[PDB]
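Encoded as structure tokens, the structure appears first; notes follow it.
Proteins get letters first, then strands, A, B, ... in listed order; numbering begins at 1 in each. Computed over heavy atoms, backbone and side chain alike; hydrogens, waters and symmetry mates excluded.
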Amino acid sequence: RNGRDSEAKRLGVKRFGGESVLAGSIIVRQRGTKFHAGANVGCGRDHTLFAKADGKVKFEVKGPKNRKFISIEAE
Amino acid sequence: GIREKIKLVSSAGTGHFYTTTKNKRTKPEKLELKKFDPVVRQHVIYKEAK
Amino acid sequence: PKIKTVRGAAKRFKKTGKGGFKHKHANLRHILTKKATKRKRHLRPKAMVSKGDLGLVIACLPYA
Amino acid sequence: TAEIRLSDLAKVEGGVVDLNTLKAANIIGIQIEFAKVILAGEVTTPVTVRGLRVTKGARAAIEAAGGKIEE
RNA sequence: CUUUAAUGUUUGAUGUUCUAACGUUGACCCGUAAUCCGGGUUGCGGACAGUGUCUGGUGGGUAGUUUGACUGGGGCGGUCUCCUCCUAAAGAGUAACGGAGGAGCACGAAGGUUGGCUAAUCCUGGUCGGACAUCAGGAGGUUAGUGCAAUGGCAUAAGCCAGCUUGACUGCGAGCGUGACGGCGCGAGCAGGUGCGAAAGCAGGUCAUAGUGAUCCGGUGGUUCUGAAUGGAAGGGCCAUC
RNA sequence: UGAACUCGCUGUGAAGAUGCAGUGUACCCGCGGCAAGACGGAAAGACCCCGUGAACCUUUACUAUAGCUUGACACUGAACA
RNA sequence: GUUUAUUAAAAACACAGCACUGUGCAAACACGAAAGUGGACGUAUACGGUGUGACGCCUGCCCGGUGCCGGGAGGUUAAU
RNA sequence: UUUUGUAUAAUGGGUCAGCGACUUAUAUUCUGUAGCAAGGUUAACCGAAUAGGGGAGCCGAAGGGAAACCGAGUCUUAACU
């Protein structure tokens, strides 16, 4: 009665830290919020993280809950 | 699919219409939502129609 | 005898300046209430034929 | 319908262009009934077109050359 | 007009009679030493029967064909598309008739915005009331909840309540993810016109991931785009949609 | 009937060796017999499966049709109720 | 008695008998696009089809279904 | 030869000689080469004729749009940073 499965949705991180990206590029594909959008990063209705400006993507930790954020530095 | 589909016709003279779905028995009342009309470029009341 | 062009293809692709072919997206015929307006808007404009299928297309209609 | 290049526009008959004799000039074809003039460049001798359509480029070209447009 | 009755009219179903069509594998005569056939005379049937065209029913009597794949041989059983986790070896992807579960919806609000609030489970007290209803205080700190299975997320709450509303809006969309392709997903920003808020701002449906079906052939509405001599229309085309 | 200067055994090997490895045995060549082997000869397996193969047969499989049957019109008319 | 000439001669087939059913004769039925033949130079004590299978004792119950026969109120229903 | 894999006990061949399997026509695309060049080339046919005539026609230099139509722009849109 088993044997059913769903086709893989290829989630994960598409651009890693220190990598220059163009505006509108997708940085992370996620179901919930693994990472929270920081400066120059927007969160889509799908929780996808996209860059609102050209720069290098950076990871860090903020907030009382030690959550992980993604930001873009214009450099 | 017990919920069926309808058509909303703009009250204005233009024939532009929207489409949506609703449950007749639960809410048999008509729908008078105000929506944008591209032909006249104004927000007008759309009356539900067959 | 001269090659016979596939009539079905001739009604679905046109030659362009650089030898490419344009077509219409195959999702805007019926069952449109459930489709989002964004998806319908994107399918409206014509699209260029992909390279993978370009070889098949040119074979079907070698006269256009 | 066909489009007539500005280059060959002066190759029909002296400096007069008309719907007739284009088929004789053999630049459009016997069956072609309508006709339009397109900007092709390299036009020197002034020409006159009767019954043709000369949108903007060839119109400026012939006018600078010394041609005229009439219906 | 409701309700009646003469004459004339269109008549059609039905019944009776007649014969001149037609039938006669009835009789007699002739062609003709001929059980064929034809002609004549007569008898019996008779506008039937029978035949042609059209049409409904019946019709394996006959004919042309179909009757899937996976598969630890085949058959039987089960499965076939989509979603969650595991297998999957810390990017992505990754098979088995491998181990567990779901979906073919729902909602004009459960959507948008503004404002406000913050659970489960226990302890003490208290009419019915008792393990478990509601009330007050405390412990606890998300073990709750999130329209629906699972995973991930969510206190700025994505959870709960209320006000006002229709942005579940139209034309686009740089730039990306994803697939062999068809295709699918994300999207700041621009124009027009709206909603909420004092305002900055938010809103192109729903916490996200299933709720879906290509093309062809057709239906409905709009648009002089076309409309085969011309003026129209039919029919196509485009847009919306079934 | 591929060609042969055509032994036994144990093992290896596309998994049952006259032909490979190791080892043992055996002068060369006939004739009469036996039939264990040469997966011996004969027959592009009838079994099983595959082919979007074929052919026949079956039926309340599909679509047709001969035949049978219904009506309309025609050949087909005339008088009465 | 008959049968798989060439691996099966049998319990199979046929059989006299029995029953059902069709047929009024231009018979049913069969072979034929049709004419015309067979049935039959016969006509119900005859002919065709079907099942059973000498003879003896028998052959029970069921008409829903599928066929067949008869009826007809109402419904549905082509061409025209 | 066929196979993941053959001395295989998988298939084929007794031997020799002869014959025996990627061709042809007409179109289209690409490459090489030759001619001409914003031009290139003729088909049928005519022709004391592989010459020479014949330029009907085809391909190309301009595309965009379903189309009207527009035009180095065009379509999309009321209109495009």
So with a 6.0 Å cut-off around CD of D:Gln31, is the heavy-atom count from everything else above 12? no
Take atom NZ in C:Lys4; do more than 12 heavy atoms of anything else shown fall under 6.0 Å from it? no
Sort by first number and list every stem of RNA chain F: at least 3 consecutive Watson-Crick or G-U wobble pairs, both distances under 3.5 Å. E:14-18 with F:77-81, E:50-54 with F:71-75, E:56-58 with F:67-69, F:7-11 with F:20-24
Considering every strand shown, what is the Watson-Crick or G-U wobble mate of [N] when both distances are under 3.5 Å?
N: H:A44; value: none
N: E:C117; value: E:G159
N: E:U209; value: E:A150

Would you sketch RNA chain G in dot-bracket for me? Only Watson-Crick or G-U wobble pairs with both distances under 3.5 Å count, crossing pairs as [ ], other-strand pairs as |, the rest as dots. ((.........))...((.(((......(((....)))........))).))............................
Report yes if a side-chain nitrogen or oxygen of [X] is closer than 4.0 Å to either non-bridging phosphate oxygen (OP1 or OP2) of [N]; otherwise report no.
X: A:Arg1; N: E:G101; answer: no
X: C:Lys15; N: H:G63; answer: no
X: C:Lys46; N: H:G65; answer: no
X: B:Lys7; N: E:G221; answer: no
X: A:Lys34; N: E:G153; answer: yes
X: C:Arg12; N: E:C216; answer: no
X: A:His36; N: E:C154; answer: yes
X: A:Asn2; N: E:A100; answer: yes
X: B:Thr19; N: E:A240; answer: no
X: A:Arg4; N: E:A96; answer: no
X: B:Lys34; N: E:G167; answer: no
X: A:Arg45; N: E:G112; answer: no
X: C:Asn27; N: E:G213; answer: no
X: B:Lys22; N: E:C107; answer: no

Under a 3.5 Å limit on both distances, do E:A155 and E:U7 form a Watson-Crick or G-U wobble pair? no
In whole Å, what is the span from the [atom1] atom of [X] to the [atom2] atom of [N]?
X: C:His23; N: E:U215; atom1: NE2; atom2: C1'; value: 14 Å
X: C:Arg29; N: E:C217; atom1: CZ; atom2: P; value: 8 Å
X: A:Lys68; N: E:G152; atom1: NZ; atom2: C1'; value: 14 Å
X: A:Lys65; N: E:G141; atom1: NZ; atom2: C1'; value: 11 Å
X: B:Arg41; N: H:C80; atom1: CZ; atom2: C1'; value: 13 Å
X: A:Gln30; N: E:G91; atom1: CD; atom2: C1'; value: 15 Å
X: C:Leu28; N: E:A214; atom1: CG; atom2: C1'; value: 13 Å
X: C:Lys35; N: E:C239; atom1: NZ; atom2: P; value: 14 Å

Taking all non-hydrogen atoms of both residues into account, name the closest pair between A:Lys56 and A:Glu75 and its distance. CD-C, 4.4 Å
Determine the minimum heavy-atom distance between D:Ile62 and D:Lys68, stating which atoms define it. CD1-O, 4.1 Å
Is D:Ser7 touching bases, backbone alone, or none of the nucleic acid, heavy atoms closer than 4.0 Å? nothing
Give one of base, sugar-phosphate or nothing for C:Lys22, where a contact means two heavy atoms less than 4.0 Å apart. sugar-phosphate
Nucleic acid footprint by protein, nucleotides 169-179 of chain E - heavy-atom cut-off 4.0 Å, B for base, S for sugar-phosphate alone: BSSBBBBBSSS
Using only modelled atom types and a 3.5 angstrom limit, is any donor from either the side chain of B:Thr20 or the base of E:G108 paired with an acceptor on the other? yes
Can you tell me whether the base of E:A33 sits syn or anti, using the 90° cut around 0 to define syn? syn
Can you check nucleotides 23-29 of chain H for protein contacts, nitrogen or oxygen pairs under 3.5 Å, and list what you find?
residue	atom	partner	partner atom	Å
H:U26	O2'	C:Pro1	N	3.3
H:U26	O2	C:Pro1	N	3.3
H:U26	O2	C:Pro1	O	3.4
H:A27	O2'	C:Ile3	N	3.4
H:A27	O2'	C:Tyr63	OH	2.6

So, [X] side chain and [Y] main chain: donor-acceptor pair closer than 3.5 Å or not?
X: B:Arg3; Y: B:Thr21; result: yes
X: B:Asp37; Y: B:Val44; result: no
X: D:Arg5; Y: D:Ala40; result: no
X: C:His25; Y: C:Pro45; result: yes

Would you say the side chains of B:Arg25 and B:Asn23 form a donor-acceptor pair under 3.5 Å? yes
Quick one: which protein N/O atoms are closer than 3.5 Å to N/O atoms of nucleotides 53-57 of chain H? Pair and distance per line, please.
residue	atom	partner	partner atom	Å
H:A56	OP2	D:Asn26	OD1	3.2
H:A56	OP2	D:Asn26	ND2	2.2
H:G57	OP2	D:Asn26	ND2	2.9

Take the angle between the ring planes of C:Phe13 and C:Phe21 and call it parallel below 30°, perpendicular above 60°, tilted in between. perpendicular
Between residues 50-61 of chain C and RNA chain E, which residues have a heavy-atom gap below 4.0 Å? C:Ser50, C:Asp53
Between A:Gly3 and B:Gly15, which is nearer to the 5' end of RNA chain E once each is assigned its nearest nucleotide? A:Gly3
Can we call the ring centroids of A:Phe59 and A:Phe35 under 6.0 Å apart? yes
